[PDB]
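Undergrad: I'd like to ask you about the structure that follows.
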Amino acid sequence: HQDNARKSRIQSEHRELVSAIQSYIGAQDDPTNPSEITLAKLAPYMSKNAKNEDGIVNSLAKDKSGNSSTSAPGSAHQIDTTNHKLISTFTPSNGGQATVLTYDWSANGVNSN
């Protein structure tokens, strides 16, 4: 069920989190290479239904186990700092591979096309 849902339920907010990444990063001490970004951090930068870290993350998709170390409190979003991608990590109730909705801030290639 969540196999199809993961896409949609996360997708809704996934855009939002990256809309917040572009906000977070553009606010950072250095936008060129900001720190690890999380939902709890993206809270102030969210234009989407969110207020503080308790608000945002609870307002966002929540993963089941947290076995992926998503950093986002019980939430299905964890950003990759290596390439600087907005990943949405859904740790399923199956315990299998987590579901991802990705966005590329740095787009190290062909502009993510």
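Please note that chains go A, B, ... in the order of the structure tokens, that every chain numbers its residues from 1, and that ligands are numbered from 1 in the order shown.
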Near segment 70-76 of chain A, within 12 Å and counting only C-alpha atoms, which residues show up once chain neighbours fewer than 2 positions away are dropped, as a PDB file with N, CA, C and O atoms, in the first residue's frame?
TA:
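Output file around-v4.pdb follows:
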```
ATOM      1  N   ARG A   6       3.964   6.146  -0.540  1.00  0.00           N
ATOM      2  CA  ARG A   6       5.249   6.752  -0.231  1.00  0.00           C
ATOM      3  C   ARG A   6       5.553   7.855  -1.217  1.00  0.00           C
ATOM      4  O   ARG A   6       6.003   8.930  -0.853  1.00  0.00           O
ATOM      5  N   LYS A   7       5.267   7.574  -2.466  1.00  0.00           N
ATOM      6  CA  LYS A   7       5.477   8.530  -3.512  1.00  0.00           C
ATOM      7  C   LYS A   7       4.653   9.771  -3.247  1.00  0.00           C
ATOM      8  O   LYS A   7       5.199  10.850  -3.105  1.00  0.00           O
ATOM      9  N   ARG A   9       2.453  10.691  -0.605  1.00  0.00           N
ATOM     10  CA  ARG A   9       2.389  11.278   0.731  1.00  0.00           C
ATOM     11  C   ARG A   9       3.645  12.071   1.039  1.00  0.00           C
ATOM     12  O   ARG A   9       3.597  13.074   1.749  1.00  0.00           O
ATOM     13  N   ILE A  10       4.767  11.627   0.502  1.00  0.00           N
ATOM     14  CA  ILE A  10       6.008  12.312   0.723  1.00  0.00           C
ATOM     15  C   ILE A  10       6.151  13.443  -0.265  1.00  0.00           C
ATOM     16  O   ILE A  10       6.520  14.547   0.104  1.00  0.00           O
ATOM     17  N   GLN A  11       5.840  13.140  -1.521  1.00  0.00           N
ATOM     18  CA  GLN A  11       5.934  14.089  -2.624  1.00  0.00           C
ATOM     19  C   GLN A  11       5.308  15.429  -2.280  1.00  0.00           C
ATOM     20  O   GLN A  11       5.885  16.477  -2.582  1.00  0.00           O
ATOM     21  N   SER A  12       4.143  15.386  -1.633  1.00  0.00           N
ATOM     22  CA  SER A  12       3.438  16.599  -1.255  1.00  0.00           C
ATOM     23  C   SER A  12       4.350  17.519  -0.466  1.00  0.00           C
ATOM     24  O   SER A  12       4.516  18.690  -0.800  1.00  0.00           O
ATOM     25  N   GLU A  13       4.960  16.969   0.561  1.00  0.00           N
ATOM     26  CA  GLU A  13       5.795  17.745   1.450  1.00  0.00           C
ATOM     27  C   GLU A  13       7.237  17.814   0.959  1.00  0.00           C
ATOM     28  O   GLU A  13       7.947  18.755   1.269  1.00  0.00           O
ATOM     29  N   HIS A  14       7.667  16.808   0.202  1.00  0.00           N
ATOM     30  CA  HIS A  14       9.020  16.765  -0.343  1.00  0.00           C
ATOM     31  C   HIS A  14       9.357  18.083  -1.006  1.00  0.00           C
ATOM     32  O   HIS A  14      10.363  18.676  -0.665  1.00  0.00           O
ATOM     33  N   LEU A  17       9.910  20.764   1.656  1.00  0.00           N
ATOM     34  CA  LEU A  17      11.194  20.677   2.351  1.00  0.00           C
ATOM     35  C   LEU A  17      12.321  21.271   1.526  1.00  0.00           C
ATOM     36  O   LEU A  17      13.217  21.914   2.063  1.00  0.00           O
ATOM     37  N   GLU A  36      24.380  20.059   7.330  1.00  0.00           N
ATOM     38  CA  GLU A  36      23.349  19.066   7.182  1.00  0.00           C
ATOM     39  C   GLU A  36      22.000  19.683   7.472  1.00  0.00           C
ATOM     40  O   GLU A  36      21.816  20.379   8.471  1.00  0.00           O
ATOM     41  N   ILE A  37      21.072  19.436   6.580  1.00  0.00           N
ATOM     42  CA  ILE A  37      19.771  20.022   6.662  1.00  0.00           C
ATOM     43  C   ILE A  37      18.737  18.991   7.086  1.00  0.00           C
ATOM     44  O   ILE A  37      18.701  17.880   6.557  1.00  0.00           O
ATOM     45  N   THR A  38      17.916  19.351   8.061  1.00  0.00           N
ATOM     46  CA  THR A  38      16.865  18.466   8.523  1.00  0.00           C
ATOM     47  C   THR A  38      15.554  19.198   8.626  1.00  0.00           C
ATOM     48  O   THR A  38      15.507  20.416   8.505  1.00  0.00           O
ATOM     49  N   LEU A  39      14.501  18.453   8.866  1.00  0.00           N
ATOM     50  CA  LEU A  39      13.172  19.017   8.960  1.00  0.00           C
ATOM     51  C   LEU A  39      13.070  19.919  10.167  1.00  0.00           C
ATOM     52  O   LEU A  39      12.463  20.986  10.126  1.00  0.00           O
ATOM     53  N   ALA A  40      13.706  19.480  11.231  1.00  0.00           N
ATOM     54  CA  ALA A  40      13.727  20.215  12.473  1.00  0.00           C
ATOM     55  C   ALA A  40      14.485  21.535  12.300  1.00  0.00           C
ATOM     56  O   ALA A  40      14.256  22.504  13.026  1.00  0.00           O
ATOM     57  N   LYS A  41      15.378  21.564  11.313  1.00  0.00           N
ATOM     58  CA  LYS A  41      16.115  22.762  10.952  1.00  0.00           C
ATOM     59  C   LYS A  41      15.358  23.591   9.929  1.00  0.00           C
ATOM     60  O   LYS A  41      15.402  24.817   9.956  1.00  0.00           O
ATOM     61  N   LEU A  42      14.689  22.902   9.017  1.00  0.00           N
ATOM     62  CA  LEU A  42      13.952  23.536   7.940  1.00  0.00           C
ATOM     63  C   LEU A  42      12.695  24.228   8.450  1.00  0.00           C
ATOM     64  O   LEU A  42      12.097  25.030   7.739  1.00  0.00           O
ATOM     65  N   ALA A  43      12.330  23.925   9.692  1.00  0.00           N
ATOM     66  CA  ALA A  43      11.120  24.454  10.321  1.00  0.00           C
ATOM     67  C   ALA A  43      10.898  25.954  10.068  1.00  0.00           C
ATOM     68  O   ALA A  43       9.844  26.338   9.561  1.00  0.00           O
ATOM     69  N   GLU A  53      10.092  23.311  15.018  1.00  0.00           N
ATOM     70  CA  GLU A  53      10.564  21.964  14.737  1.00  0.00           C
ATOM     71  C   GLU A  53       9.512  20.921  15.107  1.00  0.00           C
ATOM     72  O   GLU A  53       9.358  19.904  14.425  1.00  0.00           O
ATOM     73  N   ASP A  54       8.780  21.188  16.171  1.00  0.00           N
ATOM     74  CA  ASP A  54       7.695  20.315  16.589  1.00  0.00           C
ATOM     75  C   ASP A  54       6.551  20.383  15.586  1.00  0.00           C
ATOM     76  O   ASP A  54       5.885  19.387  15.310  1.00  0.00           O
ATOM     77  N   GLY A  55       6.349  21.569  15.028  1.00  0.00           N
ATOM     78  CA  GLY A  55       5.283  21.774  14.074  1.00  0.00           C
ATOM     79  C   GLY A  55       5.569  21.142  12.734  1.00  0.00           C
ATOM     80  O   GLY A  55       4.763  20.369  12.226  1.00  0.00           O
ATOM     81  N   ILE A  56       6.728  21.457  12.174  1.00  0.00           N
ATOM     82  CA  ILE A  56       7.075  21.033  10.837  1.00  0.00           C
ATOM     83  C   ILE A  56       7.081  19.527  10.697  1.00  0.00           C
ATOM     84  O   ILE A  56       6.380  18.964   9.859  1.00  0.00           O
ATOM     85  N   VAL A  57       7.857  18.901  11.530  1.00  0.00           N
ATOM     86  CA  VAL A  57       8.149  17.497  11.402  1.00  0.00           C
ATOM     87  C   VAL A  57       6.908  16.657  11.655  1.00  0.00           C
ATOM     88  O   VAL A  57       6.658  15.675  10.965  1.00  0.00           O
ATOM     89  N   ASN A  58       6.117  17.073  12.624  1.00  0.00           N
ATOM     90  CA  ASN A  58       4.828  16.434  12.887  1.00  0.00           C
ATOM     91  C   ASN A  58       3.866  16.663  11.715  1.00  0.00           C
ATOM     92  O   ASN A  58       3.020  15.822  11.412  1.00  0.00           O
ATOM     93  N   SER A  59       4.010  17.814  11.067  1.00  0.00           N
ATOM     94  CA  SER A  59       3.199  18.175   9.906  1.00  0.00           C
ATOM     95  C   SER A  59       3.689  17.472   8.639  1.00  0.00           C
ATOM     96  O   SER A  59       3.045  17.529   7.597  1.00  0.00           O
ATOM     97  N   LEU A  60       4.851  16.856   8.728  1.00  0.00           N
ATOM     98  CA  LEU A  60       5.439  16.138   7.608  1.00  0.00           C
ATOM     99  C   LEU A  60       5.225  14.641   7.717  1.00  0.00           C
ATOM    100  O   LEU A  60       4.859  14.138   8.775  1.00  0.00           O
ATOM    101  N   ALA A  61       5.399  13.949   6.594  1.00  0.00           N
ATOM    102  CA  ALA A  61       5.366  12.493   6.573  1.00  0.00           C
ATOM    103  C   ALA A  61       6.265  11.903   7.638  1.00  0.00           C
ATOM    104  O   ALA A  61       7.387  12.371   7.860  1.00  0.00           O
ATOM    105  N   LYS A  62       5.778  10.859   8.271  1.00  0.00           N
ATOM    106  CA  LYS A  62       6.512  10.203   9.327  1.00  0.00           C
ATOM    107  C   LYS A  62       6.842   8.781   8.912  1.00  0.00           C
ATOM    108  O   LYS A  62       5.993   8.076   8.362  1.00  0.00           O
ATOM    109  N   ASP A  63       8.074   8.371   9.159  1.00  0.00           N
ATOM    110  CA  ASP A  63       8.493   7.017   8.836  1.00  0.00           C
ATOM    111  C   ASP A  63       8.143   6.102  10.007  1.00  0.00           C
ATOM    112  O   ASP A  63       7.740   6.591  11.063  1.00  0.00           O
ATOM    113  N   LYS A  64       8.256   4.796   9.841  1.00  0.00           N
ATOM    114  CA  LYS A  64       7.751   3.895  10.867  1.00  0.00           C
ATOM    115  C   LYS A  64       8.760   3.634  11.987  1.00  0.00           C
ATOM    116  O   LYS A  64       8.435   3.792  13.166  1.00  0.00           O
ATOM    117  N   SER A  65       9.979   3.251  11.634  1.00  0.00           N
ATOM    118  CA  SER A  65      10.930   2.774  12.635  1.00  0.00           C
ATOM    119  C   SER A  65      12.021   3.788  12.967  1.00  0.00           C
ATOM    120  O   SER A  65      12.497   3.852  14.104  1.00  0.00           O
ATOM    121  N   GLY A  66      12.413   4.582  11.981  1.00  0.00           N
ATOM    122  CA  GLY A  66      13.544   5.469  12.150  1.00  0.00           C
ATOM    123  C   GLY A  66      14.860   4.735  11.996  1.00  0.00           C
ATOM    124  O   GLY A  66      15.918   5.273  12.313  1.00  0.00           O
ATOM    125  N   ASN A  67      14.802   3.511  11.470  1.00  0.00           N
ATOM    126  CA  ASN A  67      15.988   2.655  11.384  1.00  0.00           C
ATOM    127  C   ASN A  67      16.967   3.155  10.332  1.00  0.00           C
ATOM    128  O   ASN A  67      18.074   2.634  10.204  1.00  0.00           O
ATOM    129  N   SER A  68      16.560   4.164   9.583  1.00  0.00           N
ATOM    130  CA  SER A  68      17.406   4.731   8.549  1.00  0.00           C
ATOM    131  C   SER A  68      18.273   5.858   9.098  1.00  0.00           C
ATOM    132  O   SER A  68      19.145   6.370   8.399  1.00  0.00           O
ATOM    133  N   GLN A  78      15.357  12.947   5.113  1.00  0.00           N
ATOM    134  CA  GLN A  78      16.755  13.017   5.511  1.00  0.00           C
ATOM    135  C   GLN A  78      17.584  13.430   4.312  1.00  0.00           C
ATOM    136  O   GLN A  78      17.603  12.749   3.301  1.00  0.00           O
ATOM    137  N   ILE A  79      18.264  14.540   4.435  1.00  0.00           N
ATOM    138  CA  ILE A  79      19.018  15.095   3.341  1.00  0.00           C
ATOM    139  C   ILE A  79      20.434  14.526   3.248  1.00  0.00           C
ATOM    140  O   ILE A  79      21.095  14.285   4.260  1.00  0.00           O
ATOM    141  N   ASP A  80      20.877  14.295   2.015  1.00  0.00           N
ATOM    142  CA  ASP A  80      22.230  13.825   1.749  1.00  0.00           C
ATOM    143  C   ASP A  80      23.163  15.006   1.634  1.00  0.00           C
ATOM    144  O   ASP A  80      22.997  15.844   0.761  1.00  0.00           O
ATOM    145  N   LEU A  86      18.210  16.635  -1.401  1.00  0.00           N
ATOM    146  CA  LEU A  86      17.081  16.553  -0.500  1.00  0.00           C
ATOM    147  C   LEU A  86      16.438  15.200  -0.715  1.00  0.00           C
ATOM    148  O   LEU A  86      15.702  14.982  -1.674  1.00  0.00           O
ATOM    149  N   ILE A  87      16.738  14.309   0.201  1.00  0.00           N
ATOM    150  CA  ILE A  87      16.195  12.981   0.214  1.00  0.00           C
ATOM    151  C   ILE A  87      15.037  12.918   1.186  1.00  0.00           C
ATOM    152  O   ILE A  87      15.042  13.573   2.230  1.00  0.00           O
ATOM    153  N   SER A  88      14.032  12.165   0.830  1.00  0.00           N
ATOM    154  CA  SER A  88      12.946  11.920   1.731  1.00  0.00           C
ATOM    155  C   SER A  88      12.949  10.448   2.089  1.00  0.00           C
ATOM    156  O   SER A  88      12.576   9.627   1.270  1.00  0.00           O
ATOM    157  N   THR A  89      13.367  10.127   3.308  1.00  0.00           N
ATOM    158  CA  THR A  89      13.633   8.751   3.678  1.00  0.00           C
ATOM    159  C   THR A  89      12.461   8.141   4.414  1.00  0.00           C
ATOM    160  O   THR A  89      12.163   8.508   5.547  1.00  0.00           O
ATOM    161  N   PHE A  90      11.816   7.195   3.776  1.00  0.00           N
ATOM    162  CA  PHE A  90      10.696   6.519   4.382  1.00  0.00           C
ATOM    163  C   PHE A  90      11.098   5.154   4.843  1.00  0.00           C
ATOM    164  O   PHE A  90      11.185   4.247   4.026  1.00  0.00           O
ATOM    165  N   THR A  91      11.307   4.980   6.123  1.00  0.00           N
ATOM    166  CA  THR A  91      11.599   3.667   6.628  1.00  0.00           C
ATOM    167  C   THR A  91      10.293   2.894   6.825  1.00  0.00           C
ATOM    168  O   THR A  91       9.547   3.151   7.774  1.00  0.00           O
ATOM    169  N   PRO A  92       9.991   1.955   5.910  1.00  0.00           N
ATOM    170  CA  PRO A  92       8.721   1.233   5.900  1.00  0.00           C
ATOM    171  C   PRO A  92       8.532   0.341   7.115  1.00  0.00           C
ATOM    172  O   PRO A  92       9.481   0.019   7.833  1.00  0.00           O
ATOM    173  N   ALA A  98      14.288   1.985   2.542  1.00  0.00           N
ATOM    174  CA  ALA A  98      13.477   3.175   2.700  1.00  0.00           C
ATOM    175  C   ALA A  98      13.201   3.828   1.372  1.00  0.00           C
ATOM    176  O   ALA A  98      14.019   3.807   0.446  1.00  0.00           O
ATOM    177  N   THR A  99      12.040   4.417   1.319  1.00  0.00           N
ATOM    178  CA  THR A  99      11.550   5.093   0.149  1.00  0.00           C
ATOM    179  C   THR A  99      12.146   6.484   0.090  1.00  0.00           C
ATOM    180  O   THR A  99      12.399   7.077   1.132  1.00  0.00           O
ATOM    181  N   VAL A 100      12.418   6.979  -1.111  1.00  0.00           N
ATOM    182  CA  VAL A 100      13.055   8.272  -1.257  1.00  0.00           C
ATOM    183  C   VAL A 100      12.385   9.160  -2.303  1.00  0.00           C
ATOM    184  O   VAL A 100      12.017   8.709  -3.390  1.00  0.00           O
ATOM    185  N   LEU A 101      12.219  10.424  -1.935  1.00  0.00           N
ATOM    186  CA  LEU A 101      11.893  11.491  -2.875  1.00  0.00           C
ATOM    187  C   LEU A 101      13.041  12.492  -2.879  1.00  0.00           C
ATOM    188  O   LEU A 101      13.268  13.181  -1.880  1.00  0.00           O
ATOM    189  N   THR A 102      13.771  12.567  -3.985  1.00  0.00           N
ATOM    190  CA  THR A 102      15.011  13.336  -4.022  1.00  0.00           C
ATOM    191  C   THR A 102      14.884  14.635  -4.814  1.00  0.00           C
ATOM    192  O   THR A 102      14.148  14.726  -5.793  1.00  0.00           O
TER     193      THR A 102
END
```
Undergrad: I'd like to know which residues of segment 4-60 of chain A are helix (DSSP H, G or I) (by DSSP, run on the backbone); could you write them as an MDAnalysis selection string?
TA: chainID A and resid 4:25 39:45 53:59
Undergrad: Which residue out of A:96, A:108, A:82, A:45 has the minimum interatomic distance to residue 20 of chain A when only C-alpha atoms are used?
TA: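 Using only C-alpha atoms, residue 20 of chain A sits closest to A:45.
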Undergrad: Counting only C-alpha atoms, which of A:105, A:83, A:16, A:28 gets nearest to residue 50 of chain A?
TA: A:16
Undergrad: Would you give me, as a PyMOL selection string, the residues in chain A that DSSP reads as strand (DSSP E)?
TA: chain A and resi 85-86+103-104
